[PDB]
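Chemist: The structure under discussion is supplied below as structure tokens; questions concerning it will follow.
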Amino acid sequence: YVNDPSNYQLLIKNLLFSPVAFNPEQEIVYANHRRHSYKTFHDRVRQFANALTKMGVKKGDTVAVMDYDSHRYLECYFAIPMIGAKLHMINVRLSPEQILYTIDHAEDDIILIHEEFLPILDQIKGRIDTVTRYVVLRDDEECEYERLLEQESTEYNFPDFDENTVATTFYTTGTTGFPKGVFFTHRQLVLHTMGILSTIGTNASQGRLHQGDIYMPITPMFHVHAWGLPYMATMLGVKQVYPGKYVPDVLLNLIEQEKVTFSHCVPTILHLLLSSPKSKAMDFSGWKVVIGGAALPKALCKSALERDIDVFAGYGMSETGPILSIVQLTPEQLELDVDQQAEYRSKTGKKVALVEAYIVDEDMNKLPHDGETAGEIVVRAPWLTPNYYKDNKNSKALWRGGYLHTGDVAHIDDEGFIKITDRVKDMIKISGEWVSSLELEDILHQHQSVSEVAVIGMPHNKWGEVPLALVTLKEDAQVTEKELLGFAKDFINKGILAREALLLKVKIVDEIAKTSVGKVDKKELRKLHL
Amino acid sequence: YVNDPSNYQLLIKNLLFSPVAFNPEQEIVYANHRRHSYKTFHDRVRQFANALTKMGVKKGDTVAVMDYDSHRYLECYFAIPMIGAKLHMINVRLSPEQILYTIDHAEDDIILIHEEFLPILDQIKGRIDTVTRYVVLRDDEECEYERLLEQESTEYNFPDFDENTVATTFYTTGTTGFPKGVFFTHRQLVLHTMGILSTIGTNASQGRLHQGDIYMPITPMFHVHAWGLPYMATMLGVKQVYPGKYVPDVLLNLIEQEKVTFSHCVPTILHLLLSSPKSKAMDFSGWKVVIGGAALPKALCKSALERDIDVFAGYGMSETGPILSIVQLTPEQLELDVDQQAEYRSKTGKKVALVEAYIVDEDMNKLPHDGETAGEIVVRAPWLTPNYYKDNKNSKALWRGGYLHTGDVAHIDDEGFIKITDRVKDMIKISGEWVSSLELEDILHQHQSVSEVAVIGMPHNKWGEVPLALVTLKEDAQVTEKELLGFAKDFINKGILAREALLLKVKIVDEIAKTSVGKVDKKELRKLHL
Amino acid sequence: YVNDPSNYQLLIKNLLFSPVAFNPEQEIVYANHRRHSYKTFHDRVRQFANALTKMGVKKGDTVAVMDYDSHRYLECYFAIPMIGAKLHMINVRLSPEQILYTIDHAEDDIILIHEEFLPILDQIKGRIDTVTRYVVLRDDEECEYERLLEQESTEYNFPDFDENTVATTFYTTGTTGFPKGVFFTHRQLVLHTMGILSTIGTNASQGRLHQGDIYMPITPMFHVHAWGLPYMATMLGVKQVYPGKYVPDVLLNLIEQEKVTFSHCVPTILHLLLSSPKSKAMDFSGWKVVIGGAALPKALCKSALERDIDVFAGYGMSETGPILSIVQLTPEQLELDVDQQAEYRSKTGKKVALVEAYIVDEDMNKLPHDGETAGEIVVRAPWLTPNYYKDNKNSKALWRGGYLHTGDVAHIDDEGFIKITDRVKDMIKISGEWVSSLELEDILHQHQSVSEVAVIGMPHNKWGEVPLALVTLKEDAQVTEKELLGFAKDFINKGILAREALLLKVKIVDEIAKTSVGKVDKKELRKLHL
């Protein structure tokens, strides 16, 4: 590759070696395990580059990583792409067969795997080909990664190449029969970091990330590049703390002792942290957790707001950067009380810089943003995956009509706020309208003797797909289906026949199938019940 | 596509419409079901082309087929490639998960499936994407294929395109963790037909296929294009009989009544046909079955020769055309008695026209053809798959050193005869030599109280991989491991320590794992026992 | 040239070193002169390659050959093309001026010429340029070719190149004012060999070439690559005998002593062999001569059939491979008596594999194959010359309408049999119909006092071109033109005015002009008489 120095390429090496702020004394902390300055971080990155070069990794090669959140993952986030190789992030929460399929599909050359992830490999070891070396990662000095790093020198001349070379890749289950692989380039990652920093960094007084913060992820970090946060924090040169195993008590201790101010987690982890007895006497009025997993509930937002936590939501769908929208509060919205606060903070949010985000039905129409007309979200951003890896027809459906299809049905307010109502496949197509099953699930969950509710659709000649409810009862709770029918019929304000209460067809089931991540298997319930 | 008429392209349409001999009165017979002349066959091919065009199949599309041997499969062998689409042959003997993986990998658009293969689809129906239409095939008039054909006209202008467009594809399990997809072009198929017709058609008086024969396959016909035989017979314009379900009594009745003279099957089916009571009073002295499945045994060849059957072996490995070598007997070899006949007819054979077939060790050396020096077979033929579909590193190992690697270890006689001794992965690497486990399996199977034997290797510091035997005993047979050790030690004439009898390590196991095809799972036994 | 080993090229070296059968003990025999095994043949081919390399012959060079049928011509058929050079076959039966024109047009670099062809060169020696070396060939040890071969080693690495490189070329007089040069590639020759072997090798019991035959050409072998037979026999590894001078007694002795079973000759040579006194006590019931020169007569076929000779006809026109059609007899046609045998064996035949062979008038229409509608034969085959060398407008007329024009007018039966009736230029265009002069020549030759007859056309205002007969009388035979007119008028069953007997215009001429090959100079008779 030959490049004229006038022509500038957006590379991750520019993100690391030309940050907004660089403090050599700033420290990266791995929880109760290790602590080293930014200068040591740069030296270790160069050592890792030398070690990867020594093992035969080249520009076209792929390196797979399988561990928790640590300094090693942060070093892999940089060193591998800067060599030019591909960083394959493996979802350790998938089934061993799916993990093996992803490894075979991506054709990884070297695998770095944590010690306590070894049994998962042990049952798919012989099935794996195309892999030459396994590096075992440990939390003590007997780590193979540490022994590999301590042999190399801290001197590397990082090459310059085209900004469109692929840097990272990972696989998402989605709704297809096999996991789909998404990929991004150096330019896309750099632009995502810059745009999100411009969006959330310029807010007046709420939900802003600045150079005085202390960062600590609470998301798995093999999903969606941990929302791009580790790239951003390194760009700001802020203190970074990595917890590892995600134990609520260790997390609370790290927040108290390291003075963490910025984080991102999911509603389940936030609820566990808030309900922990250790947290009842902990100061929380400096913390700005970002909830992005799925559908931050209003009650959880209220409970966090009563603890003086700047909690706000964001949207990302694992092939869109991921960040597309974040709730931002104008100064006259900060003076509202906790109910109006929790109303706004639980929304999907306004689109971030350089995002279009139209609402569109089938045949691509541009339904207005009145605030109640729902439709599928289609976006155009500088950091979208062009297609699926080694796929043709799903790639065509992904970019149908010239826009990326999110698969989420939402309505957009006149002021720009987005409120996601359901998923495209989960919409019940009664007659000629489209009701969202989420509000029926919420209504049925309001019952005192109901634990979990799943709503699906079953064919019906005159009224299309009609709804069906599977409910799980509580301890020593036995309410007949007629009682639940009356409970749902009690509510008002909905369309269709009367209030669409003649076809609820609620049934009581002991258990509801869930994915390996922990999400209801609506497809399967469809297979089981129809 | 624009072509100068002077420039000639080798296409399957030339194979069908410009045969060696064309008799409109010659008939194709589907067993006790249907019987129609060659003119009707051409009309049905044109009707199928029109029907496929009507459903939206185009040049780049793929059509999958799942049924037994019938006129419909013969029509699919032609019509789909002549449109320019890809014919994906699905192995119905694989597990449903493997079948689903192959369907997802090949991205089939339309699936033609037999009725009694429906349950297999029923458990993978929802997992399947990228498929638009399913056509159910039946043996009566309610077949969807027949109803689709009877609407179209018998008039089609078949296009002309580049001879390098892919025509057929199918998947082989091999030794990898996932099935590997191989593909061939129109030119390769035409050249394979022409070369094999030139090779076996020009023999003096034994094992020759000519225009007066009657053809009937006994191989699954989704493997290896049924050895290319259906293409060849259609080229010769000979009578063709398709049995379907492969029931030994129906097969014998078809051979008796249709006067079948040429066939290809596997040793198991041949043994079942020979041992059937119905066959004890059947005339067999016009039949020229070709055995190509795997390792035709000498005893079976003798038993068939005592029934006046011209039985001979052929070699094909599912990515080599498949035909690479066929045994051909010189006129002074026909005067030998049954023992010398069965010696020669059970060999791998001499290479067919336009085949190189060298013997080669690691680092690619060209060990001489002395008759006892074993090595891996590497070939160069006009009908080899260039690589594996959507694969990189296995493709590199397939064509390592500039030759296609068969994976079979054999020795070549000075006269050109090849004798396959084992598989590359199944070789036991004791010390510095390579013993073949097949002869030890044969020796141990010679015991009176032994049913089946599997030989594997287990590590040993001073002598590399050493052999281990897993044996299954007969009804009320109990012989200790020491007795089998002495039985193996009784024989002579082998190298290594004494006769390599200090490490046999024979063990008795109730059952031995087998593939879905019925072959021992040596990899698994390795996983289970070590 | 760089080639990926996966990409296979069809080369003559593959035809020689990868045959159907290779027997090192099989011998090539030059009549009463030399006899050497196939291993010696391969060694001599390598030696000739080394010798040609030593003289400066390169890929683009051309080597001309001028001799009879011998081992040297067979070695030139292989060695020259395998180097990549062009083999120019010179017709030694042409006039010295035509030979000189062909040499100048083809620009030969080295000329190999037999001793007794030296006088022909002596009168055109000074006129020749662009030629650097002359190699004199002799039948004794003083041959320059033998002395050149005995210096080189038997070791050559034959290169691999594109399959579309030109291999052979030769010149045909045709109907143009100067000889026209045709050329073929390696791929075309290999495909011709494979296709004809597939066509004639797969016949049931008549007219088949197999690996147990003994081959001996009786055609000049500088015409039409000797019908491709020497390439085919070498591919089958059969014994080959080369007679040389074509003396009938030497030919009969070779057939008797070498046990020749397959041959190809012309009707004149066959008649000379059958009428020889030596042949009256010779066994002929193993011989399968192929007649392909021109228009095998029915009487000669009957006479050969009474001698128990499997005599059959073939069609080739010197720019079509040459083989296009061969008569093949179905098993129920072998049971007919000698008259019906001679009827079928004298026909042009059915088209061989991969040949289209439509019948077409001017403006390219596709007149039906009823069996009596005549038209010009146009073909599409994998082994047709794209054009004439260094020619433009004749090349356009050769491939007019997208098909190669044979120049022969024939009718095709409903069963596929072709019967050539005349040449396009020799058709008499009376009024609005086209009569063939061949049947009038046959009718007039039936007279008892007639030796030879030539029919031409002369203008006539109201009836287009009308026929004219030039006849030669026998010894002391004097029949007036009126007697011949009445003799022709006696016959019946023809169209046009009455029986087209009012314009015969028969004339008696002492001699009729003939080409240097021995064919009537109809153009010249047109020039002389009109």
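In the structure tokens, the first chain shown is A, the next is B, and so on; residue numbers restart at 1 for each chain, and ligands run from 1 in the order shown.
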Quick one: DSSP strand (DSSP E or B) residues in stretch 197-367 of chain C, as a list in words?
Modeler: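 For stretch 197-367 of chain C, the strand (DSSP E or B) set is residues 214, 215, 239, 240, 241, 242, 262, 264, 265, 290, 291, 312, 313, 314, 315, 316, 323, 324, 325, 326, 349, 350, 351, 358, 359 and 360 of chain C.
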Chemist: Please return, as an mmCIF file with N, CA and C atoms, in the first residue's frame, all residues of chain A lying within 12 Å of chain B when only C-alpha atoms are considered.
Modeler:
```cif
data_model
loop_
_atom_site.group_PDB
_atom_site.id
_atom_site.type_symbol
_atom_site.label_atom_id
_atom_site.label_comp_id
_atom_site.auth_asym_id
_atom_site.auth_seq_id
_atom_site.Cartn_x
_atom_site.Cartn_y
_atom_site.Cartn_z
ATOM 1 N N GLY A 60 -4.554 -9.995 6.594
ATOM 2 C CA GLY A 60 -5.814 -10.661 6.342
ATOM 3 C C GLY A 60 -6.281 -11.635 7.399
ATOM 4 N N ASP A 61 -5.496 -11.862 8.448
ATOM 5 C CA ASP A 61 -5.826 -12.879 9.433
ATOM 6 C C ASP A 61 -6.900 -12.386 10.400
ATOM 7 N N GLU A 97 -22.712 -25.144 20.178
ATOM 8 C CA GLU A 97 -22.864 -25.383 18.747
ATOM 9 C C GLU A 97 -22.864 -24.082 17.954
ATOM 10 N N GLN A 98 -23.559 -23.057 18.446
ATOM 11 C CA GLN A 98 -23.574 -21.762 17.772
ATOM 12 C C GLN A 98 -22.190 -21.122 17.778
ATOM 13 N N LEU A 100 -19.324 -22.722 17.909
ATOM 14 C CA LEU A 100 -18.531 -23.469 16.939
ATOM 15 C C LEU A 100 -18.869 -23.054 15.515
ATOM 16 N N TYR A 101 -20.155 -22.842 15.229
ATOM 17 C CA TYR A 101 -20.548 -22.382 13.902
ATOM 18 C C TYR A 101 -19.934 -21.025 13.586
ATOM 19 N N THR A 102 -19.956 -20.100 14.550
ATOM 20 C CA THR A 102 -19.378 -18.779 14.316
ATOM 21 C C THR A 102 -17.872 -18.864 14.102
ATOM 22 N N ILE A 103 -17.192 -19.718 14.871
ATOM 23 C CA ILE A 103 -15.748 -19.881 14.704
ATOM 24 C C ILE A 103 -15.434 -20.434 13.320
ATOM 25 N N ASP A 104 -16.194 -21.443 12.884
ATOM 26 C CA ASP A 104 -15.976 -22.018 11.560
ATOM 27 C C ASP A 104 -16.282 -21.010 10.458
ATOM 28 N N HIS A 105 -17.334 -20.208 10.636
ATOM 29 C CA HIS A 105 -17.726 -19.245 9.614
ATOM 30 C C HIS A 105 -16.700 -18.126 9.481
ATOM 31 N N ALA A 106 -16.230 -17.587 10.608
ATOM 32 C CA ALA A 106 -15.271 -16.492 10.570
ATOM 33 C C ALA A 106 -13.856 -16.951 10.244
ATOM 34 N N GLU A 107 -13.561 -18.241 10.416
ATOM 35 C CA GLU A 107 -12.241 -18.806 10.131
ATOM 36 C C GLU A 107 -11.149 -18.102 10.935
ATOM 37 N N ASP A 108 -11.260 -18.194 12.258
ATOM 38 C CA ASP A 108 -10.271 -17.584 13.135
ATOM 39 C C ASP A 108 -8.952 -18.343 13.069
ATOM 40 N N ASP A 109 -7.836 -17.627 13.137
ATOM 41 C CA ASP A 109 -6.501 -18.271 13.069
ATOM 42 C C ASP A 109 -5.953 -18.502 14.479
ATOM 43 N N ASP A 122 -13.907 -27.446 25.346
ATOM 44 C CA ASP A 122 -13.561 -28.860 25.447
ATOM 45 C C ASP A 122 -14.552 -29.738 24.695
ATOM 46 N N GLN A 123 -15.800 -29.288 24.572
ATOM 47 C CA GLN A 123 -16.799 -30.078 23.866
ATOM 48 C C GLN A 123 -16.877 -29.753 22.381
ATOM 49 N N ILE A 124 -16.104 -28.781 21.895
ATOM 50 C CA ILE A 124 -16.111 -28.447 20.474
ATOM 51 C C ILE A 124 -14.682 -28.378 19.952
ATOM 52 N N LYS A 125 -13.731 -28.889 20.736
ATOM 53 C CA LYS A 125 -12.320 -28.786 20.370
ATOM 54 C C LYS A 125 -12.020 -29.563 19.093
ATOM 55 N N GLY A 126 -12.436 -30.830 19.039
ATOM 56 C CA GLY A 126 -12.164 -31.650 17.872
ATOM 57 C C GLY A 126 -12.932 -31.239 16.634
ATOM 58 N N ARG A 127 -14.085 -30.594 16.809
ATOM 59 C CA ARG A 127 -14.869 -30.124 15.674
ATOM 60 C C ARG A 127 -14.229 -28.926 14.985
ATOM 61 N N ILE A 128 -13.315 -28.234 15.659
ATOM 62 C CA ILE A 128 -12.750 -26.978 15.182
ATOM 63 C C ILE A 128 -11.569 -27.259 14.264
ATOM 64 N N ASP A 129 -11.555 -26.586 13.115
ATOM 65 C CA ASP A 129 -10.420 -26.602 12.206
ATOM 66 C C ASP A 129 -9.864 -25.189 12.097
ATOM 67 N N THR A 130 -8.956 -24.967 11.142
ATOM 68 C CA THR A 130 -8.509 -23.637 10.696
ATOM 69 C C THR A 130 -7.956 -22.776 11.837
ATOM 70 N N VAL A 131 -7.769 -23.360 13.019
ATOM 71 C CA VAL A 131 -7.236 -22.650 14.177
ATOM 72 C C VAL A 131 -5.875 -23.235 14.516
ATOM 73 N N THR A 132 -4.871 -22.367 14.634
ATOM 74 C CA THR A 132 -3.496 -22.801 14.836
ATOM 75 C C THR A 132 -3.016 -22.683 16.275
ATOM 76 N N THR A 175 -33.301 -13.137 13.953
ATOM 77 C CA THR A 175 -34.458 -13.985 13.705
ATOM 78 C C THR A 175 -34.193 -15.057 12.657
ATOM 79 N N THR A 176 -32.977 -15.130 12.123
ATOM 80 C CA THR A 176 -32.635 -16.133 11.130
ATOM 81 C C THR A 176 -32.326 -17.469 11.802
ATOM 82 N N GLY A 177 -32.187 -18.508 10.975
ATOM 83 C CA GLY A 177 -31.896 -19.835 11.491
ATOM 84 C C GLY A 177 -30.475 -20.015 11.977
ATOM 85 N N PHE A 178 -29.547 -19.198 11.490
ATOM 86 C CA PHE A 178 -28.154 -19.239 11.903
ATOM 87 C C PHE A 178 -27.688 -17.836 12.258
ATOM 88 N N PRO A 179 -26.679 -17.714 13.120
ATOM 89 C CA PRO A 179 -26.165 -16.381 13.462
ATOM 90 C C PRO A 179 -25.626 -15.658 12.238
ATOM 91 N N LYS A 180 -25.829 -14.345 12.213
ATOM 92 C CA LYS A 180 -25.407 -13.497 11.107
ATOM 93 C C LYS A 180 -24.204 -12.673 11.536
ATOM 94 N N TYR A 389 -21.971 -11.038 6.456
ATOM 95 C CA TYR A 389 -20.792 -11.723 5.947
ATOM 96 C C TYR A 389 -21.180 -13.057 5.320
ATOM 97 N N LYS A 390 -20.710 -13.285 4.091
ATOM 98 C CA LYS A 390 -20.960 -14.523 3.348
ATOM 99 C C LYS A 390 -22.451 -14.804 3.181
ATOM 100 N N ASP A 391 -23.252 -13.758 3.008
ATOM 101 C CA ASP A 391 -24.687 -13.909 2.816
ATOM 102 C C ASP A 391 -25.146 -13.002 1.688
ATOM 103 N N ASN A 392 -26.182 -13.434 0.970
ATOM 104 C CA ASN A 392 -26.715 -12.677 -0.156
ATOM 105 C C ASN A 392 -28.150 -12.215 0.068
ATOM 106 N N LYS A 393 -29.077 -13.140 0.327
ATOM 107 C CA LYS A 393 -30.495 -12.787 0.296
ATOM 108 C C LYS A 393 -30.938 -12.074 1.570
ATOM 109 N N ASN A 394 -30.371 -12.444 2.721
ATOM 110 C CA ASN A 394 -30.647 -11.686 3.937
ATOM 111 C C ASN A 394 -30.055 -10.287 3.847
ATOM 112 N N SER A 395 -28.903 -10.158 3.182
ATOM 113 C CA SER A 395 -28.321 -8.845 2.938
ATOM 114 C C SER A 395 -29.240 -7.974 2.093
ATOM 115 N N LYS A 396 -29.913 -8.566 1.103
ATOM 116 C CA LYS A 396 -30.851 -7.805 0.286
ATOM 117 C C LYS A 396 -32.024 -7.300 1.115
ATOM 118 N N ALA A 397 -32.552 -8.142 2.006
ATOM 119 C CA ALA A 397 -33.665 -7.724 2.850
ATOM 120 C C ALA A 397 -33.231 -6.708 3.895
ATOM 121 N N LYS A 523 -40.841 -17.552 18.591
ATOM 122 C CA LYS A 523 -40.869 -18.460 17.437
ATOM 123 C C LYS A 523 -41.192 -19.833 17.874
ATOM 124 N N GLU A 524 -40.505 -20.258 18.902
ATOM 125 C CA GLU A 524 -40.726 -21.611 19.471
ATOM 126 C C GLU A 524 -42.146 -21.691 20.037
ATOM 127 N N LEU A 525 -42.549 -20.753 20.903
ATOM 128 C CA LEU A 525 -43.930 -20.873 21.366
ATOM 129 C C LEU A 525 -44.899 -20.996 20.196
ATOM 130 N N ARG A 526 -44.626 -20.302 19.086
ATOM 131 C CA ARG A 526 -45.443 -20.491 17.890
ATOM 132 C C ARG A 526 -45.363 -21.927 17.391
ATOM 133 N N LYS A 527 -44.158 -22.500 17.371
ATOM 134 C CA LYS A 527 -44.007 -23.886 16.938
ATOM 135 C C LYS A 527 -44.724 -24.845 17.881
ATOM 136 N N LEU A 528 -44.632 -24.599 19.190
ATOM 137 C CA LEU A 528 -45.218 -25.517 20.163
ATOM 138 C C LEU A 528 -46.742 -25.458 20.140
ATOM 139 N N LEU A 530 -48.767 -23.974 17.823
ATOM 140 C CA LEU A 530 -49.399 -23.947 16.506
ATOM 141 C C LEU A 530 -48.385 -24.233 15.402
#
```
Chemist: Mind listing the alpha helix (DSSP H) residues of stretch 178-322 of chain B, per DSSP on the backbone, as a PyMOL selection string?
Modeler: chain B and resi 186-201+229-236+248-258+267-275+298-305
Chemist: Measure the distance from atom CA of residue C:308 to atom CA of residue C:337 in Å and round it to one decimal.
Modeler: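 Distance between the two atoms: 12.6 Å.
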Chemist: Tell me which protein, DNA and RNA residues are within 7 Å of stretch 402-416 of chain A, counting only C-alpha atoms, leaving out same-chain ones fewer than 2 positions away, and put them as a list in words.
Modeler: residues 350, 369, 370, 371, 372, 373, 374, 375, 376, 377, 378, 379, 380, 398, 399, 400, 418, 419, 420, 421, 422, 423 and 424 of chain A
Chemist: Include N, CA, C and O atoms and write out the residues we just selected as a short mmCIF file (atom, residue, chain, number, x, y, z; two decimals), in the first residue's frame.
Modeler:
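And here's result-v9.cif as it stands now:
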```cif
data_model
loop_
_atom_site.label_atom_id
_atom_site.label_comp_id
_atom_site.auth_asym_id
_atom_site.auth_seq_id
_atom_site.Cartn_x
_atom_site.Cartn_y
_atom_site.Cartn_z
N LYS A 350 -33.89 10.95 20.83
CA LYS A 350 -33.70 11.64 19.57
C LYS A 350 -32.48 11.09 18.85
O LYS A 350 -31.53 10.61 19.47
N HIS A 369 -44.61 12.16 11.37
CA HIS A 369 -44.18 12.08 12.77
C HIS A 369 -45.20 12.78 13.68
O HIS A 369 -44.88 13.71 14.42
N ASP A 370 -46.44 12.32 13.64
CA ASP A 370 -47.52 12.96 14.43
C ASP A 370 -47.39 12.60 15.91
O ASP A 370 -47.93 13.34 16.74
N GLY A 371 -46.75 11.48 16.22
CA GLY A 371 -46.64 11.04 17.59
C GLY A 371 -47.43 9.79 17.92
O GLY A 371 -47.25 9.24 19.01
N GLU A 372 -48.30 9.34 17.02
CA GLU A 372 -49.06 8.12 17.26
C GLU A 372 -49.11 7.16 16.08
O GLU A 372 -49.60 6.04 16.25
N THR A 373 -48.61 7.54 14.91
CA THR A 373 -48.60 6.65 13.74
C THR A 373 -47.34 5.80 13.79
O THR A 373 -46.22 6.31 13.67
N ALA A 374 -47.52 4.49 13.98
CA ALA A 374 -46.38 3.60 14.13
C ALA A 374 -45.89 3.09 12.78
O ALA A 374 -46.63 3.06 11.80
N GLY A 375 -44.63 2.69 12.75
CA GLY A 375 -44.03 2.15 11.54
C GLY A 375 -42.64 1.66 11.83
O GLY A 375 -42.10 1.86 12.93
N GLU A 376 -42.05 1.00 10.84
CA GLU A 376 -40.71 0.47 10.99
C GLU A 376 -39.67 1.58 10.86
O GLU A 376 -39.81 2.50 10.06
N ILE A 377 -38.62 1.48 11.67
CA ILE A 377 -37.54 2.46 11.67
C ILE A 377 -36.51 2.06 10.62
O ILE A 377 -36.03 0.92 10.63
N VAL A 378 -36.18 2.98 9.72
CA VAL A 378 -35.14 2.77 8.73
C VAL A 378 -34.16 3.93 8.83
O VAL A 378 -34.58 5.09 8.94
N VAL A 379 -32.86 3.63 8.82
CA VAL A 379 -31.84 4.61 9.15
C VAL A 379 -30.78 4.66 8.07
O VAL A 379 -30.61 3.74 7.27
N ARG A 380 -30.05 5.77 8.06
CA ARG A 380 -28.85 5.95 7.24
C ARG A 380 -27.81 6.64 8.10
O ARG A 380 -28.00 7.79 8.51
N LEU A 398 -31.96 -6.74 4.30
CA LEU A 398 -31.46 -5.78 5.28
C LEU A 398 -31.48 -4.37 4.73
O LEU A 398 -31.85 -3.42 5.44
N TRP A 399 -31.09 -4.20 3.47
CA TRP A 399 -31.01 -2.89 2.83
C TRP A 399 -32.09 -2.70 1.77
O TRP A 399 -31.86 -2.05 0.75
N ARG A 400 -33.28 -3.26 2.01
CA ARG A 400 -34.36 -3.13 1.05
C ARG A 400 -34.85 -1.69 0.96
O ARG A 400 -35.11 -1.05 1.98
N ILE A 418 -38.51 9.43 19.86
CA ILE A 418 -38.90 8.14 19.31
C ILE A 418 -39.34 7.24 20.46
O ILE A 418 -38.72 7.26 21.53
N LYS A 419 -40.41 6.48 20.24
CA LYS A 419 -40.90 5.52 21.23
C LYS A 419 -41.13 4.19 20.53
O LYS A 419 -42.08 4.05 19.76
N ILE A 420 -40.26 3.21 20.80
CA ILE A 420 -40.37 1.91 20.16
C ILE A 420 -41.56 1.16 20.75
O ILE A 420 -41.67 1.00 21.97
N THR A 421 -42.41 0.61 19.88
CA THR A 421 -43.67 -0.03 20.36
C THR A 421 -43.60 -1.57 20.31
O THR A 421 -44.23 -2.20 21.16
N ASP A 422 -42.88 -2.16 19.34
CA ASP A 422 -42.72 -3.61 19.20
C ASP A 422 -41.71 -4.00 18.15
O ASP A 422 -40.99 -3.17 17.65
N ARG A 423 -41.66 -5.28 17.81
CA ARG A 423 -40.80 -5.74 16.74
C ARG A 423 -41.69 -6.02 15.55
O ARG A 423 -42.85 -6.28 15.73
N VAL A 424 -41.15 -5.97 14.35
CA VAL A 424 -41.92 -6.17 13.12
C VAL A 424 -42.56 -7.55 13.10
O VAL A 424 -43.74 -7.71 12.79
#
```
